[PDB]
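Chemist: Residue numbers (PDB author numbering), protein chains in the order written: chain C, 23 to 152, 159 to 215; chain A, 23 to 213; chain B, 24 to 213.
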Amino acid sequence: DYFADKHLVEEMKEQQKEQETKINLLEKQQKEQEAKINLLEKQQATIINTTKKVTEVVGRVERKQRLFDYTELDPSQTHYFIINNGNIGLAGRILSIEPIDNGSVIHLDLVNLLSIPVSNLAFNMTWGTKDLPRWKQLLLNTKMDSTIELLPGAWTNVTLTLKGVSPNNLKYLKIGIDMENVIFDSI
Amino acid sequence: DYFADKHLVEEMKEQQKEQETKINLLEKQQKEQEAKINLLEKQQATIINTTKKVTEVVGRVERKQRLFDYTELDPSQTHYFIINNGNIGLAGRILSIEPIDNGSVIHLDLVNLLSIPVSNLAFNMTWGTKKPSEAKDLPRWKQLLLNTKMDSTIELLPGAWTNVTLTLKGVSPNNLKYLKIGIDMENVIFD
Amino acid sequence: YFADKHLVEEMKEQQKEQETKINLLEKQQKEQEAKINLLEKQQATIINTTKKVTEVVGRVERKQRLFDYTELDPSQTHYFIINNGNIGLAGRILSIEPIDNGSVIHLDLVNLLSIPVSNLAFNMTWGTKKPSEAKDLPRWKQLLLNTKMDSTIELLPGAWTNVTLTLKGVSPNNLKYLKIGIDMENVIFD
Numbered sequence: 023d024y025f026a027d028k029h030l031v032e033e034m035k036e037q038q039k040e041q042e043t044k045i046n047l048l049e050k051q052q053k054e055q056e057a058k059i060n061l062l063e064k065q066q067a068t069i070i071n072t073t074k075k076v077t078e079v080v081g082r083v084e085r086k087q088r089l090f091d092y093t094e095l096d097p098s099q100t101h102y103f104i105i106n107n108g109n110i111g112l113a114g115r116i117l118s119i120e121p122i123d124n125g126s127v128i129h130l131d132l133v134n135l136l137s138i139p140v141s142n143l144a145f146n147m148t149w150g151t152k159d160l161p162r163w164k165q166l167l168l169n170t171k172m173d174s175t176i177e178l179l180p181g182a183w184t185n186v187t188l189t190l191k192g193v194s195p196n197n198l199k200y201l202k203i204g205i206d207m208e209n210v211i212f213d214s215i
Numbered sequence: 023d024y025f026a027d028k029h030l031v032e033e034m035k036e037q038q039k040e041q042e043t044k045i046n047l048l049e050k051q052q053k054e055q056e057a058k059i060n061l062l063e064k065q066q067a068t069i070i071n072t073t074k075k076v077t078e079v080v081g082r083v084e085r086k087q088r089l090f091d092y093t094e095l096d097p098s099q100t101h102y103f104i105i106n107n108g109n110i111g112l113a114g115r116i117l118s119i120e121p122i123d124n125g126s127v128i129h130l131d132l133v134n135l136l137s138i139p140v141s142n143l144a145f146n147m148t149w150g151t152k153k154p155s156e157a158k159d160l161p162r163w164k165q166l167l168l169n170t171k172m173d174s175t176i177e178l179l180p181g182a183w184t185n186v187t188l189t190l191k192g193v194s195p196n197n198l199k200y201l202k203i204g205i206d207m208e209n210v211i212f213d
Numbered sequence: 024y025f026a027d028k029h030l031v032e033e034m035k036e037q038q039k040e041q042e043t044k045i046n047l048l049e050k051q052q053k054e055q056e057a058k059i060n061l062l063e064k065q066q067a068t069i070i071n072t073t074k075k076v077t078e079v080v081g082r083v084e085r086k087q088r089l090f091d092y093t094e095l096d097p098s099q100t101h102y103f104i105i106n107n108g109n110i111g112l113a114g115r116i117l118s119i120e121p122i123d124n125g126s127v128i129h130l131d132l133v134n135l136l137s138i139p140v141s142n143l144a145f146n147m148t149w150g151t152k153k154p155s156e157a158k159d160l161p162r163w164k165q166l167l168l169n170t171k172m173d174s175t176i177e178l179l180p181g182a183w184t185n186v187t188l189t190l191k192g193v194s195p196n197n198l199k200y201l202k203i204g205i206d207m208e209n210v211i212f213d
């Protein structure tokens, strides 16, 4: 009763053997999983980096594409400017800004850069001061339809009435072209 | 005998201690791998989101670039159109769409928007039925599209509306709702 | 001579505990295997999407490049166009001549617009041929020469006008790269 049964210990040895095999398989599978995991990590880093690069490039391109959607300027510090939507090219020269009942009035000359006339252009305009959300809420906007005839190479007089802002506060202007009713001839 | 041998039991105990070591190692490794897997899953969710956004932006930007490559229109719902590739600017006005044997003929005027004459322009043209509104219908539609290159020795003087005829076989006027037209610049001459 | 009973009892207990631990570890191994499979598949998909995206972005970049400036090999080019989205110019190279410590490009420029433009400035970079290999680029760039040509040239609409570009540091036969762009600061429209 001080000592152990031989057969019981034999069974123990067999069990220890089976455990040995199991432990082996576990170690092996563990190495496999380690490899796969490392591979996954590195691939992920690569993806994140490449994505980073792509977003930067695409941001630059978007930024440059903005130039065809509209023209932004400070009418207090600009004489000549250009409006180009990829179809119609116009040049503008600001003659003067004058106060009129509640707001400002921009007198300017517009000129059709093309070889054929363009008529009945409409202008999308937003204006204000030189911030992000309220400065955007403090911007007024409108679409000016026109019957203006722009003959090729001819500086033509145009008046932009902008209510709500005095001349000395008028330091922001975003202007774009609406081509809904455009006719490529004399009106 | 009837009892277990001492030495054999010592051997077994030693192998058991060894097994204890290996087991402890396996547990530790299992835990760290668990942690790594967690991280990988979270990071993957983020990656899926971010990639979705990126694809979204790239799509728009690339679409915007297509406006200079060629001009797309429904000739049945269009009078004026513009072709501009960054070098040559042309305007066009559709006078009429006429039926021929198994096709349509478009009579139009083209005009050079620039200040110097351009000559020997070639036109890449693709035409057919209306552009399908669903993405799954795209490949079949593309396979059904008709294409050709119109070589013209037409000289376009600055500002002068000039008569041009596009013969498009394969599609009747009432089915002709897609026209894609671009400029080939290989043999273009400025003067 | 004989093994101790107590020691053996202890050994059986510990062996049983080992058995439980091993079972748990096998279970966890299965779970981890499944999760790893998921991760691998999703990541293959992602890698594909990313590959396509980079592919597209490349062509986009190399296209906005054409609005940014005009790149050419003046030894292989007669006619060319410069267009920054506002001003359109057409150029024809008449000759390239060697001068003191460089080359001179005689060319005709013509304003593609309907109004005259004046006081154009030109940003110019020039040098030896742009190499095909992409690894050679960062070194080839270092060796490029640059300058800004300020002008009082009046470009009337549709009128081919003589312009001379003096480019020091490179002989005519070695002048195979010219990058030219428009500076718009002092542009006057008369």
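C-beta: ideal position from N, C-alpha, C; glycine also.
Just to confirm my understanding: we take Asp213(A), look at its own chain, exclude 5 residues before and 5 after, and list those with CB closer than 7 Å. What are they?
Modeler: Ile138, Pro139
Chemist: Quick one: Cα of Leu167(B) to Cα of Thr100(B), how far?
Modeler: Taking C-alpha positions only, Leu167(B) is separated from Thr100(B) by approximately 19 Å.
Chemist: I'd like to know if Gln41(A) contacts chain C, where contact means its C-beta is closer than 8 Å to some C-beta of that chain.
Modeler: yes
Chemist: How is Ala113(B) classed by DSSP in three states: helix, strand or coil?
Modeler: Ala113(B): strand per DSSP, three-state reduction.
Chemist: Rounded to whole angstroms, what's the CA-CA distance from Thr187(C) to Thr175(C)? Just pull it up for me.
Modeler: 12 Å
Chemist: Within the same chain, show all residues whose beta-carbon is closer than 6 Å to that of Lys164(A), passing over the 5 residues directly before and after it, in chain order.
Modeler: So no residue of the chain qualifies.
Chemist: Could you tell me whether the Cβ of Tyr102(A) comes closer than 8 Å to any Cβ of chain C?
Modeler: yes
Chemist: Given a cut-off of 8 Å, decide if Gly181(B) and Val133(B) are closer than it, judged by their beta-carbon atoms.
Modeler: Yes; because the gap between Cβ atoms is below 8 Å, this pair is in contact.
Chemist: Taking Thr184(A) as the reference, give the member of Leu117(A), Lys171(A), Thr170(A) with the closest Cα.
Modeler: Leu117(A)
Chemist: Using the C-alpha atoms, what's the distance from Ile205(C) back to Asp159(A)?
Modeler: 34 Å
Chemist: Going straight from the alpha carbon of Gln55(C) to that of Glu36(B), what length do you get?
Modeler: 31 Å
Chemist: Examine the Cβ distances between the region 195 to 210 of chain B and the region 138 to 153 of chain B and report whether three or more of them are shorter than 8 Å.
Modeler: yes
Chemist: Pull out every residue of the region 71 to 91 of chain A whose Cβ sits closer than 7 Å to any Cβ of chain B, in chain order.
Modeler: Listed by position, the residues of the region 71 to 91 of chain A near chain B (Cβ gap below 7 Å) are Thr73, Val76, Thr77, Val80, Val83, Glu84, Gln87.
Chemist: When you compare only the Cα positions, how much space is there between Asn197(B) and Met172(B)?
Modeler: 21 Å
Chemist: Out of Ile122(C), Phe103(C), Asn107(C), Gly108(C), state which residue places its alpha-carbon closest to the alpha-carbon of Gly114(C).
Modeler: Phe103(C)
Chemist: Mark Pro97(B) as exposed unless 16 or more other C-beta atoms lie within 10 angstroms of its C-beta, in which case mark it buried.
Modeler: With 16 or more other Cβ atoms from the protein chains shown falling within 10 Å of its own Cβ, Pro97(B) counts as buried.
Chemist: Just verifying my parser: in three-state terms, what is the DSSP assignment at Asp23(A)?
Modeler: coil
Chemist: Mind listing the chain C neighbours of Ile45(A)? Cutoff is C-beta to C-beta under 8 Å, in chain order.
Modeler: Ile45
Chemist: For a contact meaning CB atoms closer than 7 Å, what does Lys28(A) contact in chain B?
Modeler: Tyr24, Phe25, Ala26
Chemist: Specify, as a first and last residue, the run of the beta strand (DSSP E) that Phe103(C) falls within.
Modeler: 102 to 106
Chemist: According to the Cβ coordinates, are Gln41(A) and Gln65(B) closer than 8 Å?
Modeler: The Cβ-Cβ distance between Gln41(A) and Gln65(B) does not fall below 8 Å.
Chemist: To the nearest angstrom, how far is it from the Cα of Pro121(A) to the Cα of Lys199(A)?
Modeler: 14 Å
Chemist: With a 10 Å radius around its C-beta and 16 neighbouring C-beta atoms as the bar for buried, classify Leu190(A) as buried or exposed.
Modeler: Under this definition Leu190(A) is a buried residue.
Chemist: Should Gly81(C) and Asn124(C) be called a contact, given that it needs their Cβ atoms to be closer than 8 Å?
Modeler: no
Chemist: Using a Cβ-Cβ cutoff of less than 8 Å, which residues in the same chain neighbour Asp131(A) once the five nearest sequence positions on both sides are dropped?
Modeler: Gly114, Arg115, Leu117, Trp183, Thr184, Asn185, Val186
Chemist: Specify the secondary structure class of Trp149(A) as computed by DSSP and reduced to three states.
Modeler: strand
Chemist: Could you list which residues in chain C have their beta carbon closer than 8 Å to that of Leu48(B), in chain order?
Modeler: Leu48
Chemist: Given a limit of 8 Å on CB to CB distance, which residues of the region 156 to 170 of chain B reach chain C?
Modeler: none
Chemist: With a CB to CB cut of under 6 Å and the five nearest residues on each side skipped, what residues in its chain are close to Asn209(C)?
Modeler: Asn142
Chemist: When the Cα atoms are used, what is the spatial distance from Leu89(A) to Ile119(B)?
Modeler: 36 Å
Chemist: Quick one: give me the first and last residue of the beta strand (DSSP E) that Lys202(A) is part of.
Modeler: 200 to 206
Chemist: Kindly indicate which three-state DSSP category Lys64(B) falls into: helix, strand or coil?
Modeler: It is helical.
Chemist: Output, in chain order, the set of chain B residues within a Cβ distance shorter than 7 Å of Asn109(A).
Modeler: Result: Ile104, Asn106.
Chemist: Taking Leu48(A) and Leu48(C) to be in contact with their CB atoms under 8 Å, please state how far apart those CB atoms are, rounded to whole angstroms.
Modeler: 6 Å
Chemist: Note down, in chain order, all residues in the region 127 to 144 of chain A with a beta-carbon under 9 Å from any beta-carbon belonging to chain C.
Modeler: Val133, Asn134, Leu135, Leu136, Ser137
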